Amino acid sequence: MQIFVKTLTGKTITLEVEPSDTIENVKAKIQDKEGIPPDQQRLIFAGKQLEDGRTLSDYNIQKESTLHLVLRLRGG
Amino acid sequence: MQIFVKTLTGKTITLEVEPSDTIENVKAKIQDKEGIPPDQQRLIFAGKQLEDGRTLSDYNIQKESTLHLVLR
Amino acid sequence: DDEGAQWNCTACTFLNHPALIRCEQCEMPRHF
Ligand SMILES: [Zn+2]
């Protein structure tokens with residue numbers, strides 16, 4: 001299915017994903033399209049920051065949903 | 001464990017804490033380091049105000065997490 | 001109470017505590 005990722009600069013990225021994909025998987029897809037390392041990515045949906053080890057289905061992220069990408073380096 | 005505490009004025013205070021520290025303990029550490037009385041402190045993480053009797057671990061606060069400090 | 005409701009950031013949609021005037025995630029101001 002298709003989902004979208006919107007950036008702080010207002011641009012829309014289109015991804016192809018499955019409901020069983022993890023948030024970590026989604027960040028890898030963003031790296032593919034945008035060159036941004038997963039450790040620099042935070043994803044927001046329905047007002048919440050998404051956790052790497054959960055799936056899209058866990059968050060009820062269905063087709064044509066829009067996530068928001070914030071660039072912020074993960075802790076060490 | 002290192003955490004950051006960002007104030008409303010843009011300062012990032014760096015604290016040494018343990019995951020088992022209570023919020024009350026964290027406020028005491030902020031008092032020791034910065035001089036702010038604990039009763040004047042409100043701590044916020046992931047959009048929510050943190051409660052005194054809970055621990056950092058209760059809120060899944062870990063290495064290099066950023067909390068926000070608002071003063072009364 | 002004076003502070004009102006949590007606010008969704010215009011820039012990233014994060015749901016913020018009403019005492020914060022910059023987004024916890026992206027640091028953008030609430031108001032502009
Ligand atoms: Zn934001």
Side-chain angles (χ1 to χ4, degrees), chain B residues 1-19 21-31 33-72, chain C residues 3-32:
Chain B
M1 184 168 89
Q2 181 182 63
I3 62 171
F4 306 105
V5 179
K6 176 72 144 301
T7 68
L8 281 173
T9 70
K11 174 165 189 176
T12 301
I13 303 163
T14 303
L15 285 185
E16 199 66 37
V17 294
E18 302 298 334
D21 279 337
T22 56
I23 300 307
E24 176 190 351
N25 291 344
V26 176
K27 293 177 175 172
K29 289 174 175 283
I30 290 168
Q31 175 173 47
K33 187 178 256 142
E34 302 292 316
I36 306 164
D39 67 29
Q40 298 297 302
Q41 303 179 33
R42 307 165 64 195
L43 289 168
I44 290 150
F45 181 72
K48 311 287 220 302
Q49 185 176 129
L50 309 178
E51 288 305 307
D52 273 0
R54 305 301 222 296
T55 64
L56 295 175
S57 59
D58 287 334
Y59 295 105
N60 207 197
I61 288 160
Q62 51 191 35
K63 169 177 65 65
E64 291 164 17
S65 286
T66 301
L67 286 48
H68 299 257
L69 173 68
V70 173
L71 300 192
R72 281 174 229 279
Chain C
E3 294 184 339
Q6 293 168 319
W7 56 279
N8 287 277
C9 176
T10 294
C12 77
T13 78
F14 187 72
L15 188 64
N16 283 281
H17 190 281
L20 297 191
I21 63 175
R22 287 171 181 94
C23 181
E24 181 174 347
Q25 300 294 150
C26 74
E27 311 191 12
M28 297 290 286
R30 175 178 183 176
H31 297 294
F32 65 95

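Every chain is numbered from 1 and lettered A, B, ... according to where its sequence line falls, protein lines coming before strand lines. Atom set for the values below is all heavy atoms of this structure, side chains included, hydrogens, waters and symmetry mates excluded.
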Got a list of the donor-acceptor pairs under 3.5 angstrom between chain B and chain C?
{"from": "B:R42", "atom 1": "NH1", "to": "C:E3", "atom 2": "OE2", "distance (Å)": "2.7"}
{"from": "B:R42", "atom 1": "NH2", "to": "C:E3", "atom 2": "OE1", "distance (Å)": "2.9"}
{"from": "B:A46", "atom 1": "N", "to": "C:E24", "atom 2": "OE1", "distance (Å)": "3.3"}
{"from": "B:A46", "atom 1": "N", "to": "C:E24", "atom 2": "OE2", "distance (Å)": "2.7"}
{"from": "B:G47", "atom 1": "N", "to": "C:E24", "atom 2": "OE1", "distance (Å)": "2.9"}
{"from": "B:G47", "atom 1": "O", "to": "C:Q6", "atom 2": "NE2", "distance (Å)": "3.4"}

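The two residues C:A19 and B:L8 come nearest to each other via the heavy atoms O-CD2, 3.6 Å.
Heavy atoms of other residues, nucleotides or ligands lying less than 6.0 angstrom from CE of C:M28 number 12 at most.
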